[PDB]
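Student: coordinates for the following, if possible.
(one chain, ligands or ions: 4)
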Amino acid sequence: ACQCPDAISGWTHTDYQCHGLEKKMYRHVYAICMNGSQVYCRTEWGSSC
Ligand SMILES: [Br-]
Ligand SMILES: [Br-]
Ligand SMILES: [Br-]
Ligand SMILES: [Br-]
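Tutor: Residues are numbered from 1 along each chain as shown. Ligands and ions are numbered 1, 2, ... in the order given. Have a look at this structure:
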């Protein structure tokens, strides 16, 4: 869930970290907009930790 005013130009994601409460891997996916701004798209979840 993310949208740029005009268009998405780029894609990036933060490092997987250990969720202290959920006990699973998580990281944040970010879109880069044409205007330079970044938007939080989705949280990705992985294996137990
Ligand atoms: Br998404
Ligand atoms: Br844009
Ligand atoms: Br990346
Ligand atoms: Br990673």
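Student: spit out the contact partners of residue 49.
Tutor: 18-19, 23-25 (Cβ atoms under 8 Å, 6 or more residues apart in numbering). Just so you know, the C-beta spots here come from the backbone N, C-alpha and C atoms, and that holds for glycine as well.
Student: how about the residues of the chain near ligand 3?
Tutor: Neighbours of ligand 3 within the chain, by Cβ under 5 Å from the ion: 12-13.
Student: residues making contact with stretch 18-38?
Tutor: When contacts are taken as Cβ under 8 Å, 6+ apart, the neighbours of stretch 18-38 outside the stretch itself are 2, 4-17, 39-49.
Student: could you pick out the buried ones from the residues you listed?
Tutor: Of all the contacts of stretch 18-38 considered here, the ones buried according to neighbour count by 16 or more other Cβ atoms under 10 Å are 4, 16, 41.
Student: now name the helix or strand holding the last one.
Tutor: Secondary structure assignment for residue 41, by DSSP states H and E: strand 38-48.
Student: and what of residue 26?
Tutor: Element membership of residue 26, judged by DSSP H and E, is strand 24-33.
Student: list the strands paired with that strand, with their directions.
Tutor: The strands that strand 24-33 pairs with in its sheet are strand 8-13 (antiparallel), strand 17-18 (antiparallel), strand 38-48 (antiparallel) (by DSSP bridges).
Student: could you dump those strands to a markdown table with distance to ligand 1?
Tutor: Below are these laid out as a markdown table (distance: least, Cβ to the ion, whole Å):
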| stretch | distance to ligand 1 |
| --- | --- |
| strand 8-13 | 11 |
| strand 17-18 | 19 |
| strand 38-48 | 4 |
